[PDB]
Structures are given as structure tokens and as C-alpha cells.
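Keeping their order, the protein sequence lines are chains B and X. 1151 is the number of the first residue of the first sequence in this note's numbering; add one for each residue after it. 116 is the number of the first residue of the second sequence in this note's numbering; add one for each residue after it.
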Amino acid sequence: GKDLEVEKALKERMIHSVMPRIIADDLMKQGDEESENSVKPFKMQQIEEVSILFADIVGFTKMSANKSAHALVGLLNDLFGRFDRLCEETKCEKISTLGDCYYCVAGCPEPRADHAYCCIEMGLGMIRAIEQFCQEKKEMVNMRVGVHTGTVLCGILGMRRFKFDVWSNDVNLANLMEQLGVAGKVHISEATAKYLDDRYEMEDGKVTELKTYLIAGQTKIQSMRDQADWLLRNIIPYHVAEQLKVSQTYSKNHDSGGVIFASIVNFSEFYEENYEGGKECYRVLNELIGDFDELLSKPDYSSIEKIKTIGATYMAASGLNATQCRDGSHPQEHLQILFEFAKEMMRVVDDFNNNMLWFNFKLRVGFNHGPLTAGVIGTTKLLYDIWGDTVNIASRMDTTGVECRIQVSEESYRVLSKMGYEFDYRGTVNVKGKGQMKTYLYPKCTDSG
Amino acid sequence: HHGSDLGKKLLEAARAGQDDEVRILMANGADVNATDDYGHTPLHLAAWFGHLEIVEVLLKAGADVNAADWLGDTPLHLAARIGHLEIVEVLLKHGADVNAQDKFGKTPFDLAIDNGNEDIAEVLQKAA
């Protein structure tokens, strides 16, 4: 009876928790039936002349030195609640968050004639909110802010943990420009400034180390039950679901755990857009990612979690669901089994490369292990995520890697050398926050040499 | 046919280059136009590997003229993508379409232009 309406509202809210407004309200009239059965088959698009914004905390590691892993959850919830609230008052469409970073887009479902002004107003409001919190709770933190405009193709990829997202080179340009920005001011591009109407603080902000500037401011109930519970497992895991029902929020810390990042390296040059949209290339990417997803179904793949999909990348972790301790087992096999999981990932990409005509797709994979924390962010919206030094170390060491090579951290090298797998020492590369770190490769002269 | 593992054997022999196995399998009633998960056809395998002997074996076997993969590409489109000229002429003698374009929306002409083979384009440009 009314419980059916309760679960209908829950399911609708959970759709809008992971997937935007217009697409949702269009897909509930079953415009496509294959989409409906997948919800138990979709479309992709490509749009021109939209705006994107990124913002990062300054000194994010420092505020997380020796805390209780609970203050972090509360402060992140407060900041992001203010941020997305401001999003509704300024009518901008959020996308997702990457740990310490928050990014949004302007006019993604339908173009808007004043997207740039809204985006810069979001920047100013972000500065105001962060300075208000800094003065209130007395923690000197800053937001590096970057903006860009251009064209981008939007869609939903994967079948597990699938989330709406956008892709183009403009994302990389905006990320790098924010990396080149200064705290307290927005680092803009002339591509954004072609229609700025100079109602603001015009300055020329150039690097001190490409047409850029700086601005300092101014009987269905069982069917619906199955549907809703499947969606709940889609967005959040099982352990958090059972621990949450008797509380409000979630937070946990683990002193040791693995993490792997894996990205397609030669996918960039495959962006020929002679066809209107180039959507078939991303359909192929969908096929490969779906192959990765169906790889998870194996019984020995229960202790491995796909955290999310980052653009075209792939992030996985382990060693956290194993909460039950049995003394007849070694508590350090999770890293090993994840290492094989990476090996079969490479094998599957090799098979797909064999089966596809006239293109080879190589991958970079980076491995790390150590302490970290996990938590849940939204409310009336949801998102599971993890933080720590190890995640950023893994992301850095993976980017300074070589395709078809398993780049591995030195402490992980230590724990893995004695158990049998063979590696060769590559070199030493600087890492921010840790200085020099040694690099090792699992492939052993697999090429001609 | 039913339980078309014969299709798998014929395709694996097609891109392996083993002709005697192909004869043996066709002697067993295997389908001429067996297709795989992505939609590849043995003629497209021949275009991949450039075996004119297997091309003629499939032609006498009774293969289709406009076989399309999941990317909707004709064997002529794949040939222009790779660039085996003599296969292109022997295929176009059979009477394939000239102005077609797959789901990527491109004719074989500019494709053969970008792949770096002018021969395919100059041969195709004379059609009517």
C-alpha cells in the first residue's frame, strides 16, 4: 500500500543521487525499455561551448595529520553542503568530487546564455564560504580555483557504480590551469574571457616558473523492493548499509590496505572527431569497461571493490571488508590476490586488443599500500569515498609510469619481493610530500630487449 | 547452425591461415557466414590478413557482399582501412556499393586517404 509509495520515493531519490535531473525525469516514462531493464541501452552526447570549474583545498594533508577521522567527515560535510546549496541558489550542475577536490560544470543538460557569469559567481561564493569557515573555526585553508570553457562529450559508462560524467581535453586544460592557479583567486583563460563583459577585476595572471589571466575577486512492492535494494548496493556497499541503519553517518579508518590505479594510455590519439560526436569510440570504451565490470563476477573477487571511474581511468581497493578475524588464515593475502586481479586485468585488455581490428590499447597501472580512511559524504544525496596519503601517492606514482608496466611502491616492493613475483628497478622519481621514492617494474624485458 | 562451434573453428582457421582445416570443416556442413560476438566475418579476417586464396575460397563458399560488423563496416571499408589493393579490386568486381558509409558516417574514399593508401582511392574514384 503506502509502503509501495515509500519505496517509489526512495528509488526516485536514489536515482537522482547518482544521476542527474533531466535524464532521470525523462527515463522514468521508459523512453527506452532496455534502460529500464538495466536499472534492474542508453545514449551519449557531445556539446559545444560550456564551462567547467575545479577547486582544491590547499594543505589538505596538513589538516589530516593526527586527527580522529571524524572531524574530517564533519567538516567535509559542512563545506560540501554549503557548496552544493550555493549551487542551487546559483543554478549550476555538479558532477562529482575527487577526495580533496570539488568540480562542477555549467549548462550541461541544456546550454545557458550566461554560464560564465554563474561559474565565476560560484568561484566568488566558494571563496566567501571558505573564508567564513576559516574565520569561524580558525583553520587556515585555501581553495585553488580553476575555470575553462570549450566543448565536451557527456555520458554514462560502466554497469557497476556507473555515474554520469563528461570527457574532453578541456577537462585536462582546466585541471592543469587550476594546478597553475593561486590561492584566493580564480585562474581563468582567454577562452572564457572572449565574452566576459569586463565587469570584474581584470588582471593578467601568468606563471612565474597560453592566454590566461588571474582574477582576485569582485504485487510490485517486491519488484520495487528488489529494484531499490539493487540501487542501494549500486551506490553504497553492504557493510556500510548494515552499519548505517542504526546511526546517521559513517566513518572508518584502516592502518593498512592496498590501492591500484589503472588508465588507458594510448586512448588519447584515438579521438578522431570527423564523425559528428565521435560517440562510437566511447561506445567501444563502454564495451571495454563493461568487460572489466563483468570480470568482477568471479567468486574470488568478493574482497575487491571498484571505488569509482575517473574519466577513463579505473580505481580499485581491497583489505577493508575483511572485518572478521580467523586465526587459521594469513591476514596479508589481500594484497597478493589484488595483485593477481591486476594481472587478469592486463590479460583481459590483451585479449580485447587481439579481438579488435587495427588498434592496440595499452594501460598504465600503479600499485600502493598503507593507511587510509573511508567515509560517506552526502545526505539526501550519497557518495562513498576514501582519503589518505596512500591514495595520492598511488595516483602520483601511476602517472610517472610506463605503459604495460606494473609500477609498484618501494614498501610494496619489499612486501612482495620475498613471496615470489619478479621485478626490475627502474629509477627514483620525486614525489611531493615524500621526496624521492624508488620505482620498480613487474614486467621483466617482455619487449624485444 | 545449432551449436556453431564449427563457426569458431572456421574463423580461427581463417585468421590462422590453415586452408585444409577449412576444407575439412566445410565438409561437415558448417555455416559459410558464421559470425562472432563482435560481428566479424571471415572475409573481414581475410582483409585483416590479406589471404587472396582464402578470399577466393570464401567467394566460392558463398559469402555475402556487404558484411557489416558492430561498427557497420563493409569488407571494402575494412580493406581501405588496411590497404590491400588487389583484394579491393577482386571484391569490387563482385558489385559492392560505392557510396555507402558505416555508423561512423564516412565513405571509404577519405578513409583510404587517411590510412595512407592512395591506390584504393584512385581505384574507387572511377566507379559509376
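Beta carbons are placed, not taken as given, at the ideal position from N, Cα and C, and that holds for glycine.
Excluding five sequence neighbours on each side, which residues of the same chain lie with their C-beta closer than 8 Å to the C-beta of residue i?
i                  : result
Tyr1345 of chain B : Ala1266
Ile1172 of chain B : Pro1259, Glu1260
Distance check for residue j and residue i, CA to CA, integer angstroms please.
i                       : j                  : result
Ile1371 of chain B      : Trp1380 of chain B : 14 Å
residue 1669 of chain B : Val1295 of chain B : Summary: the structure shown does not reach residue 1669 of chain B, with chain B confined to residues 1151 through 1599, and so no result is reported for it.
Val1409 of chain B      : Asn1542 of chain B : 10 Å
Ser1218 of chain B      : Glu1494 of chain B : 37 Å
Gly1300 of chain B      : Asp1264 of chain B : 14 Å
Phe1517 of chain B      : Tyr1571 of chain B : 14 Å
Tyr1350 of chain B      : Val1336 of chain B : 12 Å
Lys1241 of chain B      : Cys1254 of chain B : 11 Å
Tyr1425 of chain B      : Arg1235 of chain B : 39 Å
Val238 of chain X       : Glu204 of chain X  : 8 Å
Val1499 of chain B      : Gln1486 of chain B : 20 Å
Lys1179 of chain B      : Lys1158 of chain B : 14 Å
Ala194 of chain X       : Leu200 of chain X  : 8 Å
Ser1453 of chain B      : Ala1215 of chain B : 28 Å
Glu127 of chain X       : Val172 of chain X  : 15 Å
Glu1430 of chain B      : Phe1420 of chain B : 11 Å
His116 of chain X       : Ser1447 of chain B : 30 Å
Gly1520 of chain B      : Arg1476 of chain B : 22 Å
residue 1631 of chain B : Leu1274 of chain B : As displayed, chain B neither begins before 1151 nor continues past 1599, which places residue 1631 of chain B out of reach and without an answer.
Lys1212 of chain B      : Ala1544 of chain B : 18 Å
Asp135 of chain X       : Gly198 of chain X  : 27 Å
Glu1183 of chain B      : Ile1385 of chain B : 22 Å
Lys1531 of chain B      : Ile1457 of chain B : 17 Å
Can you give me the start and stop residues for the beta strand (DSSP E) that residue i sits inside?
i                       : result
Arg1576 of chain B      : 1574-1581
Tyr1464 of chain B      : 1463-1468
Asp1535 of chain B      : 1534-1537
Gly1305 of chain B      : 1292-1306
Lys1244 of chain B      : 1243-1248
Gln1196 of chain B      : 1195-1208
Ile1460 of chain B      : Careful: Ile1460 of chain B lies outside any beta strand (DSSP E) and carries neither H nor E.
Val170 of chain X       : From DSSP, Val170 of chain X is part of no beta strand (DSSP E) but of the alpha helix (DSSP H) over 167-176.
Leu1364 of chain B      : 1362-1365
residue 1145 of chain B : Shown here, chain B extends from 1151 to 1599; a query on residue 1145 of chain B therefore has no answer.
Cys1251 of chain B      : 1251-1256
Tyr1590 of chain B      : 1585-1591
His1389 of chain B      : Where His1389 of chain B is concerned, there is no enclosing beta strand (DSSP E), although the alpha helix (DSSP H) it sits in stretches over 1388-1394.
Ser1373 of chain B      : No beta strand (DSSP E) contains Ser1373 of chain B, which is instead part of the alpha helix (DSSP H) from 1370-1385.
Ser1339 of chain B      : 1336-1339
Using C-beta distances below 7 Å, list every residue in its chain close to residue i, excluding the 5 sequence neighbours before and after it, in chain order.
i                  : result
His1166 of chain B : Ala1174
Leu1177 of chain B : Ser1185
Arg196 of chain X  : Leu226, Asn230
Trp185 of chain X  : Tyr153, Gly154
Starting from residue i, trace the alpha helix (DSSP H) in both directions and tell me its first and last residue.
i                  : result
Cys1554 of chain B : Unbroken run through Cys1554 of chain B: none, as it is neither H nor E.
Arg1514 of chain B : Note, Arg1514 of chain B: premise wrong, no alpha helix (DSSP H); beta strand (DSSP E) at 1513-1526.
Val1409 of chain B : Note, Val1409 of chain B: premise wrong, no alpha helix (DSSP H); beta strand (DSSP E) at 1401-1414.
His1265 of chain B : 1265-1287
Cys1431 of chain B : 1429-1445
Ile202 of chain X  : 200-207
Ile139 of chain X  : 134-141
Return the residue from the list the options that minimises the CA-CA distance to residue i.
i                  : options                                    : result
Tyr1575 of chain B : B:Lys1588, B:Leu1566, B:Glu1359            : B:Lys1588
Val213 of chain X  : X:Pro223, X:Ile139, X:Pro157, X:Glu204     : X:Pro223
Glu1359 of chain B : B:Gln1329, B:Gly1367, B:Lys1456, B:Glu1155 : B:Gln1329
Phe1230 of chain B : B:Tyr1252, B:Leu1566, B:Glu1243, B:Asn1505 : B:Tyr1252
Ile1197 of chain B : B:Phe1314, B:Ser1318, B:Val1156            : B:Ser1318
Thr156 of chain X  : X:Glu237, X:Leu174, X:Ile139, X:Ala142     : X:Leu174
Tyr1534 of chain B : B:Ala1391, B:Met1374, B:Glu1289            : B:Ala1391
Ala162 of chain X  : X:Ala211, X:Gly231, X:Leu191, X:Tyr153     : X:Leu191
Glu1437 of chain B : B:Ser1418, B:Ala1462, B:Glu1455            : B:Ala1462
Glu1553 of chain B : B:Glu1271, B:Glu1560, B:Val1415            : B:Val1415
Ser1401 of chain B : B:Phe1312, B:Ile1536, B:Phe1489            : B:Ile1536
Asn1187 of chain B : B:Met1374, B:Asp1405, B:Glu1199, B:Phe1417 : B:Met1374
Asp1441 of chain B : B:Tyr1464, B:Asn1471, B:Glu1155, B:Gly1528 : B:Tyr1464
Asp1539 of chain B : B:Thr1523, B:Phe1312, B:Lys1531            : B:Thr1523
Cβ of residue i less than 9 Å from any chain A Cβ?
i                 : result
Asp184 of chain X : Protein chains in the displayed structure are B and X, and chain A is not among them.
Ignore the nearest five residues each way along the sequence and tell me which others in residue i's own chain have a CB closer than 6 Å to its CB.
i                  : result
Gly1308 of chain B : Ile1439, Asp1443, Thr1459
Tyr1592 of chain B : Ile1556, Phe1573
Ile1202 of chain B : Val1255, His1298, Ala1324
Residues in the stretch 1423-1447 of chain B having any Cβ partner in chain X nearer than 8 Å:
From the stretch 1423-1447 of chain B, only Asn1424, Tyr1425, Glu1426, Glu1430 have a Cβ closer than 8 Å to chain X.
Could you name the residues of the stretch 214-227 of chain X whose beta carbon sits closer than 7 Å to any beta carbon of chain B, in the order they occur along the chain?
Considering only beta carbons, the part of the stretch 214-227 of chain X lying closer than 7 Å to chain B consists of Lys218, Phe219, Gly220, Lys221, in chain order.
At a CB distance below 7 Å, what residues from the stretch 116-148 of chain X approach chain B? Give them in sequence order.
Answer in chain order: no residues at all.
For the stretch 1504-1525 of chain B, enumerate the residues whose C-beta is nearer than 8 Å to any C-beta of chain X, in chain order.
So the list reads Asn1505, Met1506, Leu1507, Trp1508, given in the order they occur along the chain.
Using Cβ-Cβ distances below 8 Å, what residues of the stretch 189-202 of chain X are close to chain B?
For the stretch 189-202 of chain X, which is checked against every Cβ of chain B, the residues closer than 8 Å are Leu193, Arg196, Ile197.
Which residues, taken in chain order from the stretch 154-178 of chain X, show a beta carbon closer than 7 Å to some beta carbon of chain B?
For the stretch 154-178 of chain X, the residues whose beta carbon sits under 7 Å from a beta carbon of chain B are, in order, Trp163.
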